[PDB]
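Residues 63 to 101, 108 to 197 in mature numbering (1 follows the signal peptide of the UniProt record, and there is no 0) are what the sequence shown spells out, letter by letter.
All residues carry an ideal CB built from backbone N, CA and C; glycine is no exception.
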Amino acid sequence: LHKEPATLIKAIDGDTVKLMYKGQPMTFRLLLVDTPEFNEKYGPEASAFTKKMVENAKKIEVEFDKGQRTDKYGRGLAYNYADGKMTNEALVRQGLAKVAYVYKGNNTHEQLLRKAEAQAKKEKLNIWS
Ligand SMILES: Cc1cn([C@H]2C[C@H](OP(=O)(O)O)[C@@H](COP(=O)(O)O)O2)c(=O)[nH]c1=O
Ligand SMILES: [Ca+2]
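Next up, the structure:
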């Protein structure tokens, strides 16, 4: 896979963000994770966590996987990086998202994220508390 540039337009929630990519505004849905909706338990904390990670970053990147690059809603499907740290993994490692939505062909970072989830679960963090 390859990191590509993007710039933040706006935080949305724990697993969606509005970024400018190839010069066009797009909503991105983070691959392989599910954060609680804002109205759910830990939804606010997941939103805040992503918000802070993307707003503080000097360099935002997106990395598409091998399969579908946009979902049925027109959302881009990517791994997002903030100053070289993957937001998808960071959310899981902190117990603020579950590994989820693992479709064949867009699952390159599956095992990295499951390893993170195991550790968040061991530590009883957030969702796992
Ligand atoms: C993460 C992801 C979600 N989606 C679709 C599946 C779900 O369909 P439904 O809307 O029919 O439930 C929805 C979940 O996204 P959200 O968790 O943002 O709601 O997005 C994909 O198609 N591919 C993906 O890789
Ligand atoms: Ca969600």
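| Asked | Found |
| --- | --- |
| Are at least three pairs of beta-carbons, each pair with one atom in the region 90-98 and one in the region 156-166, less than 8 Å apart? | yes |
| Please report the distance separating the alpha-carbon of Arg-137 from that of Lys-190. | 33 Å |
| The alpha helix (DSSP H) that contains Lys-65, what's its start and end? | No alpha helix (DSSP H) holds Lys-65; DSSP gives it neither H nor E. |
| In this structure, does DSSP put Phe-100 in helix, strand or coil? | coil |
| Give me the Cα-Cα distance between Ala-68 and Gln-179, rounded to the nearest whole angstrom. | 25 Å |
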